[PDB]
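Protein chains: 2
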Amino acid sequence: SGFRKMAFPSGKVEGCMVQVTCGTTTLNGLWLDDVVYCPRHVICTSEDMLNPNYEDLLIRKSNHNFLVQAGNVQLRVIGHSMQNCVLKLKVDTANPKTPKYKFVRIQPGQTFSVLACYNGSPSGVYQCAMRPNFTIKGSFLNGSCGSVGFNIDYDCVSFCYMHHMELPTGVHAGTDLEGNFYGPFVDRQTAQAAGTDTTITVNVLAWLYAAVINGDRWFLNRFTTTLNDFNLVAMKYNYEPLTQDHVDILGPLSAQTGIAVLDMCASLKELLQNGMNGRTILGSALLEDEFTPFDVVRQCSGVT
Amino acid sequence: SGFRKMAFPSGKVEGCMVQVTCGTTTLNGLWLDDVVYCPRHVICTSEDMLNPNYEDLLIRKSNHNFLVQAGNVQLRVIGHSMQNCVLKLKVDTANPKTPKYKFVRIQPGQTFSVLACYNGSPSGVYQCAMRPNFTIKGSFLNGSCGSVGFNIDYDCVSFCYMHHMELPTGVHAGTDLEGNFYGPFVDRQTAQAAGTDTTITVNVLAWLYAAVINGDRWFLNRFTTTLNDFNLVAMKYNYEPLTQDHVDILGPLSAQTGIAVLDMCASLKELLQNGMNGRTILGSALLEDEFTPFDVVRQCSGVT
Ligand SMILES: *CC(=O)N1CCN(Cc2ccsc2)CC1
Ligand SMILES: *CC(=O)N1CCN(Cc2ccsc2)CC1
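For the protein sequence lines, the chains are A and A', in the order given. A prime marks a further copy of an entry chain.
Residue numbers for the first sequence follow the deposited numbering, so the first one is 1 and each next one is one higher.
Residue numbers for the second sequence follow the deposited numbering, so the first one is 1 and each next one is one higher.
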C-alpha cells in the first residue's frame, strides 16, 4: 500500500550522460551508440542567445571544437550535424552502456522521469508531465540543459524530452530527441509566455482511483454525471474536456475498484465545486494530475 | 529554477539488487561485496508471521535453502547468519558493481531515496523521510521487502533503510542495514500502531526558503517571533519544537535569502494559524516537510 510520485530507475540513462563543451559553454549530452545528442545552443555565447542564426554559428565550429567527456575519458568527435534544435556529434566509440532505446514524441498529459544532470553528472531523478500548454514543471539550473526525460518499458528506454530553456515564469521547455520543441517555444532569449496550464482530467481521475485502491475514500459520493455535464464543470475550472477515449483508458481502474468512471467524475465534480474542506487525498491538499492511468496501474501492480 | 521532490540517481543501488527465495517466500536482497542483506522474514511462511521464533526457524535452513539470483545468474551461498532482523548471506562472488558504501542509521526528519524492487528488479525511485514516529510513507506492495533507502555523497552510497513491513494504517516500517528497526516496530504480524505523525518543522522552514529562492514569496509577512513563542504554535499544530540547532542548520538558507530564520518562523506561524487560503507554495497546497535544509541547498545549488 501507499502511493508515491515515482520515477523510473535512472541507471540505464545515467550510463548515457556525458559533458559537452563548445568554446566556453558546458551542458549535458546523451551518448547512444556512437552519437552524442545535445541542445544546439551549446554553440552560443549568452550574447548569441538574443537572435542566434544557428546555421551561421555552426559554420564556425569544427569536430575538434566539441569537447565530449564521459566520466574522465574524452570522446573523439568524427562528425557533427544539426537536426532541428539538437546537435548529433558522431564519436569514434559506441557507448558500451547503450541500453535498448527508442525516441518518442509524447502527447500532453503523458508523464516521464527526468534525470537532472550538471557537467554530464547526474544530480537527481523526479517525475514530470508534458503540460497541456507543452511546458513541463521541472527542477533545472544553469548547466542542466541536455538533461533528458524518459519512460522505461522493461529493458527499453523511450527518450521523450531534452531540456533546453526556462521561461521567465520558471517553467520549462524542450525538445524530443529529433530536436523538435514541444509546443511553440524557440531556443532564443525572447518573449515566450506559456498558455493556460489546464489540469489533465484523465490523470486526476486515475489518481482518485489510486486513492480508493489505497484506503482514501472520503470523497466518494452518491452522485453520477454524464461526459457533457462533467465537461461543463471541467470548462469552468480549466480542466481538459473528458472524452470517451479517456473513459476507455480508465476502464481497467473502473473494473478493479467497481466504481463506474462517470461516478468517479461526479466525485471529481463535487471536489472541484466544494474543495477539499482542508482534507487530503494520498497526502495531497490539491488534485494531482501527473499520474497517468498507466502509471497508477503500474505502481498499484508492481511492474518491473 | 523550479523545485521538485527529487531522488538520488538509483544506478549505483540498481547494481546491488538481487532476488532472495527461501522455500516459497521471495523478496529483495542487497548484494555488497560478497554479502547479500535481506529481511530475516524471508525464512517465514505467512503462518509463521503470527509469532515467529526466528532463531528456531533458522536452524531448519541451510546455505542451499537460500536461492540468490542476480539478473538470470544464481549466486552460490557459502554462509548465513542473522544480525538483529536481517540475514547476511555470504556468497562466493563479490558483486562487481559494489559502489563505495556506508551503513548509516538516520534520525527522524532525515530524507532518503527508496528504490522499490520486486523479484530483485527495480520498479521505481521516490524520496522519503524517517517520520518523527519512525515510520516512513512509502509505496510498497507484497514482494517489495528488502528494497532499500539510501543517500549518495558523490560516489559513496549511505544505506539507511531496508523495507520490512506495512502497518494496517498503510505506513511503513523497516531496519537500518544492521537489522535494527527504526522505532518500536517488530517483524511479527501483531498490533503495531504508529504514534503521532508530527511535522518536521526544520524541513518545512527549509522548503519555505526553497519557495522564496524560486519566486513564491506571497506568505512572507511583516512579523517576527521567538523560538519559545513559535514553539507554543508548533505544539498546538503537532510540529516538532524548533531548537537553536535547527536555527543554526538553516543559517546558510537565511544567509542566501537575507530572511532571518525567526522571520521565516513568523511566516510559518501565520500559515499554521491562517491556512493557505486556497493558495499554493511550490505547487503544494500543504506545508512540505520531506526536504532537509541540506536537500534544499543541494537542489538549489546543483550538486552531483
Ligand atoms: C538549461 C541551461 O543549462 N541553460 C543555460 C543556457 N541557456 C541558453 C539559452 C537558451 C535559450 S535562452 C538562453 C539555456 C538555459
Ligand atoms: C514487504 C513485503 O514484501 N511483505 C510481504 C511479506 N510480509 C511478511 C510479514 C512481516 C511482518 S508481518 C508479515 C511483509 C510484507
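C-beta atoms are modelled at their ideal positions from N, C-alpha and C, and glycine is treated no differently.
Cβ neighbour criterion (16 or more within 10 Å) applied to residue i
i: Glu-55/A; result: exposed
i: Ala-94/A'; result: exposed
i: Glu-47/A; result: exposed
i: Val-73/A'; result: exposed
i: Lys-269/A'; result: buried
i: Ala-191/A'; result: exposed
i: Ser-121/A; result: buried
i: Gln-273/A; result: exposed
i: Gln-299/A'; result: buried
i: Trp-218/A'; result: exposed
i: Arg-76/A'; result: exposed
i: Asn-28/A; result: buried
i: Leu-50/A; result: exposed
i: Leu-115/A'; result: buried
i: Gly-195/A; result: exposed
i: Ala-206/A; result: buried
i: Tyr-118/A'; result: buried
i: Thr-226/A; result: exposed
i: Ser-81/A'; result: exposed
i: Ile-59/A; result: exposed
i: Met-165/A; result: buried
i: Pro-293/A'; result: buried
i: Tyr-154/A; result: exposed
i: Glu-178/A; result: exposed
i: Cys-156/A'; result: exposed
Partner residues on chain A for residue i, Cβ-Cβ distance less than 9 Å
i: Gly-143/A'; result: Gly-302
i: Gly-195/A'; result: The contacting residues do not exist; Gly-195/A' stays about 18 Å from chain A at best.
i: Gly-15/A'; result: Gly-11
9 Å Cβ cut-off: residues of chain A' touching residue i
i: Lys-137/A; result: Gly-2, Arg-4 and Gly-283
i: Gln-299/A; result: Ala-116, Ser-123, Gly-124, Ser-139 and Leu-141
Chain A' contact residues for residue i, given Cβ-Cβ distances below 7 Å
i: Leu-115/A; result: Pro-9
i: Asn-119/A; result: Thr-304
Whole-angstrom C-beta distance between residue j and residue i, which should lie under 8 Å
i: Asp-187/A'; j: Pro-39/A'; result: 7 Å
i: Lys-137/A; j: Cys-145/A; result: Actually they do not touch by this definition, with Cβ atoms about 17 Å apart.
i: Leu-208/A'; j: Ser-147/A'; result: No, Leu-208/A' and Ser-147/A' are not in contact; Cβ-Cβ is about 31 Å, not under 8 Å.
i: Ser-139/A; j: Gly-2/A'; result: 5 Å
i: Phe-8/A'; j: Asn-203/A'; result: Rounded, the Cβ-Cβ distance is 17 Å, inconsistent with contact.
i: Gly-183/A; j: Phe-134/A; result: 2 Å
i: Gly-149/A'; j: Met-6/A; result: Actually they do not touch by this definition, with Cβ atoms about 14 Å apart.
i: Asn-84/A'; j: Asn-180/A'; result: 5 Å
i: residue 309/A; j: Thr-26/A; result: Past the edges of chain A, shown from 1 to 304, lies residue 309/A, and the structure says nothing about it.
i: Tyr-37/A'; j: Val-86/A'; result: 5 Å
i: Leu-32/A; j: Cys-16/A; result: 6 Å
i: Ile-200/A; j: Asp-263/A; result: That belief does not hold up - the Cβ atoms of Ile-200/A and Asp-263/A are roughly 20 Å apart, past 8 Å.
i: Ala-211/A'; j: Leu-282/A'; result: 5 Å
i: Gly-23/A; j: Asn-65/A; result: 7 Å
i: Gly-174/A'; j: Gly-302/A; result: Rounded, the Cβ-Cβ distance is 17 Å, inconsistent with contact.
i: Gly-11/A'; j: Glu-14/A; result: 4 Å
i: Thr-111/A'; j: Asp-229/A'; result: Incorrect: roughly 28 Å between the Cβ atoms, too far for contact.
i: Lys-97/A; j: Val-35/A; result: Not confirmed; about 14 Å, so no contact.
i: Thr-224/A'; j: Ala-260/A'; result: 7 Å
Closer than 7 Å at the beta carbon, the chain A residues around residue i
i: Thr-201/A'; result: Per Cβ cutoff of 7 Å: no residues; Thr-201/A' is ~18 Å from chain A at best.
Partner residues on chain A for residue i, Cβ-Cβ distance less than 8 Å
i: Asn-214/A'; result: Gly-170
i: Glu-166/A'; result: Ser-1 and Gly-2
Neighbour list for residue i in chain A', Cβ cutoff strictly below 8 Å
i: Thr-280/A; result: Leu-286
Any non-hydrogen atom of ligand 3 within 8 Å of residue i CB
i: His-80/A; result: For the structure depicted, ligand 3 is absent and the ligand set comprises only ligand 1 and ligand 2.
Continuous beta strand (DSSP E) assignments of at least 3 residues falling wholly in the stretch 44 to 123 of chain A: List check, beta strand (DSSP E) in window: 66 to 70, 73 to 75, 77 to 83, 86 to 91, 100 to 103 and 111 to 118.
Unbroken alpha helix (DSSP H) runs of length 4 or more, entirely within the stretch 204 to 271 of chain A': which are they? Counting only runs that start and end inside the stretch 204 to 271 of chain A', the alpha helix (DSSP H) elements of at least 4 residues fall at 227 to 236, 244 to 249 and 251 to 257.
With a floor of 3 residues, list each beta strand (DSSP E) that falls wholly inside the stretch 138 to 164 of chain A', ordered by position along the chain. The stretch 138 to 164 of chain A' contains these whole beta strand (DSSP E) runs: 148 to 153.
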